[PDB]
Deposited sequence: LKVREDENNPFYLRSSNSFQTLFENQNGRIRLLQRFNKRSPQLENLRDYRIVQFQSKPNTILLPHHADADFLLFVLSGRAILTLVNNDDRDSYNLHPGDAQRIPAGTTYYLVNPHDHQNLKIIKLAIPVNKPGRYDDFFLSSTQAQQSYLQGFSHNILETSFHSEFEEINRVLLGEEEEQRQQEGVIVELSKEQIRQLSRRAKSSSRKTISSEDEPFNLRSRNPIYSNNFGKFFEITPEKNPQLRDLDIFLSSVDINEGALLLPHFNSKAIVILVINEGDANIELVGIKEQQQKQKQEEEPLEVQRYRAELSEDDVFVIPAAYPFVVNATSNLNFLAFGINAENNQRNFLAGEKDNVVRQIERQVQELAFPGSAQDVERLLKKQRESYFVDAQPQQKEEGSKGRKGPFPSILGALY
């Protein structure tokens, strides 16, 4: 029972689900173990929908940072006088400000849309609600919260008229995720600004995690990363994004983060992870697709790819974070110390220790 390990089978809680897709909400990072108190204000959401669909209009009391793991979508954020549609592609990330009304469309014909997002509530710490404008079989419209009187006066109309149009108390859809008409997708799909290279640093439009070169990358893997330094949207939430791939058989050499708390979500493949903590303590765990493992700050950890892997990671508290490796050539901290100290540190000679470290000729990612 690794506190830092959350099994999907028993850590997710479906909010809405039907034939057109479902939305699941991870559990409270702290409810699991008080050891994760510093994350009580964060949540994990997973959205998956079937081809040619739309998530009816709604807004929530929580900022969101969504990452499109795969598929294609059209995010539309409606304001009080403006509207803005974007065409998110795989690897594309954007930030939906709190209290913003918006809807999602899956223009694709065969492919699905799997979006995973980090939610940050405004009112209740760690908790947030979804307010749907629409009047569906599965949810009332918040407009039904008001009295008939306030309604008759607000819209300037008789109730039966506003009920036979906006509410409907059979004429209303089944759930909040209904199918669309090609003519419609044909019509919604033409004005959504899409991600490009000139967006890496835009306070608005979405940016592509992979559009740039990785930071580390060899025949055994690739580590794509973005930090507040480079992105305005990421400086505000003070978080870093990094999608990293690892070829079956290779692993991410032992390393620790200086001051970032990482939340990695396995996106594809399998993996064996190891976490050391304080007499040291091991915290291994066998992760699978959709599993979430949170790695405390200043904690060495290694990732073993037991099959072609790709995982997403959120770096909470990222401003000026550094990645220290314990093995390999480049960025190895146990190889910068003064010899005499290496001599005094572990039981070995300065040369005997200068020998065991120069063996491994690769850096970052190696092959098992």
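- For this chain, the deposited residues without C-alpha positions form the stretches 1-7, 177-179, 289-302, 393-416, given in sequence order.
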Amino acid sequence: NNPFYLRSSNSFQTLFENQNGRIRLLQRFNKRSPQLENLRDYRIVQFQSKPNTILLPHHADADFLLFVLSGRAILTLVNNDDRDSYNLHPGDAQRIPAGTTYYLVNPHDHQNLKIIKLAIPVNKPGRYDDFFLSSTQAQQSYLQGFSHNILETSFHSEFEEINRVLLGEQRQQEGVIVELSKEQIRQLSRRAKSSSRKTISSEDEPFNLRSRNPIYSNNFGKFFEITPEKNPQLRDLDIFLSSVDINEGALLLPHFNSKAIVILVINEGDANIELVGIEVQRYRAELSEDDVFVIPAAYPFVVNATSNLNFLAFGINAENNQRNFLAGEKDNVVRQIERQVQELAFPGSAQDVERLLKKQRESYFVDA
From here on, numbers count along this sequence of modelled residues.
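- Judged by mean Cα B factor in the deposited record, 155-163 ranks above the other of 258-266 and 155-163.
- The mean C-alpha temperature factor is higher for 176-184 when 176-184 and 132-140 are set side by side.
- Considering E225, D92, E279, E229 together, the PDB entry gives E279 the largest C-alpha B factor.
- Highest CA B-factor among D245, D238, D291, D204, as stated in the entry: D204.
- Sort the modelled residues of the chain by CA B factor and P300 lands in the middle third.
- Split the chain's modelled residues into thirds by C-alpha temperature factor. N321 is in the highest one.
- In the deposited entry, the Cα temperature factor of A285 sits in the middle third of values across the chain's modelled residues.
- Remark: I23 belongs to the lowest third of its chain, ranked by C-alpha B-factor as recorded.
- Per the deposited record, the Cα B-factor of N52 falls in the middle third when ranked against the other modelled residues of its chain.
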